[PDB]
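Taken in order, the sequence shown gives residues 4 to 121; the numbers are from the working numbering.
Everything below concerns the one structure shown next.
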Amino acid sequence: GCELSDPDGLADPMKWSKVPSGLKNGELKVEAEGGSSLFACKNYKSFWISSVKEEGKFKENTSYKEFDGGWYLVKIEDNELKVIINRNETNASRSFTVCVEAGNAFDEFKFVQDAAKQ
């Protein structure tokens, strides 16, 4: 117990017709090449960007559908959210976040890039 809620006033999980197989409960592992991923939403076609992190802490976002973090890039096209990630050429791993809310729910996505081993 110690929870209480309205009997029919909860939020179902946000749901997607397209996701990448690299997703593990919103944690998105990425290698020292970087990749694209596509997140097409089947139940919430109305959301916007309300977090970014690029450096273990959060930062602000210059749009509602886009972000451009230099090596990182976000684009919402109605109901298709994408990220396309550049190659890390550094000897350090680095990590990102993309939280989006659709009013009642938010699926935080937590990207985790690896170091190059060069």
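The beta-carbon is built from N, C-alpha and C at its ideal position, and this holds for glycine as well.
For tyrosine 67 and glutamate 80, the rounded distance between their alpha carbons: Computed Cα separation, rounded: 11 angstroms.
Neighbourhood of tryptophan 74 by C-beta distance below 6 angstroms, restricted to the same chain and skipping five residues each side: Only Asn89 meet the Cβ criterion.
With 16 other Cβ atoms within 10 Å as the buried cut-off, status of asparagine 64: Buried, because 16 or more other Cβ atoms sit within 10 Å of the Cβ of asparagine 64.
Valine 33 - containing beta strand (DSSP E), residue span: Where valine 33 is concerned, the enclosing beta strand (DSSP E) starts and stops at 30-33.
Beta strand (DSSP E) runs wholly inside the stretch 27-92, at least 3 long, in chain order: You should have 30-33, 39-44, 69-71, 76-80 and 83-87.
Limits of the unbroken beta strand (DSSP E) element including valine 22: It is not in any beta strand (DSSP E) - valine 22 carries neither H nor E in the DSSP assignment.
Rounded Cβ spacing between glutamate 57 and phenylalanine 112 (contact assumed at less than 8 angstroms): That belief does not hold up - the Cβ atoms of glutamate 57 and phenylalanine 112 are roughly 14 angstroms apart, past 8 angstroms.
Proximity winner among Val103, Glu30 and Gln121, relative to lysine 48 (alpha-carbon distances): Closest option to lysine 48, Cα to Cα, is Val103.
Whole-Å CB distance - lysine 62 paired with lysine 18, under 8 angstroms assumed: Contact between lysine 62 and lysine 18 fails: their C-beta atoms lie close to 28 angstroms from each other, not under 8 angstroms.
Between the CA atoms of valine 86 and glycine 38 - distance to the nearest angstrom: Cα atoms of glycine 38 and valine 86: separation of roughly 8 angstroms, rounded to the nearest angstrom.
Among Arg97, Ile52, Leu13 and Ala14, the one whose alpha carbon lies nearest that of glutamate 69: When each option's Cα is compared against that of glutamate 69, the closest is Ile52.
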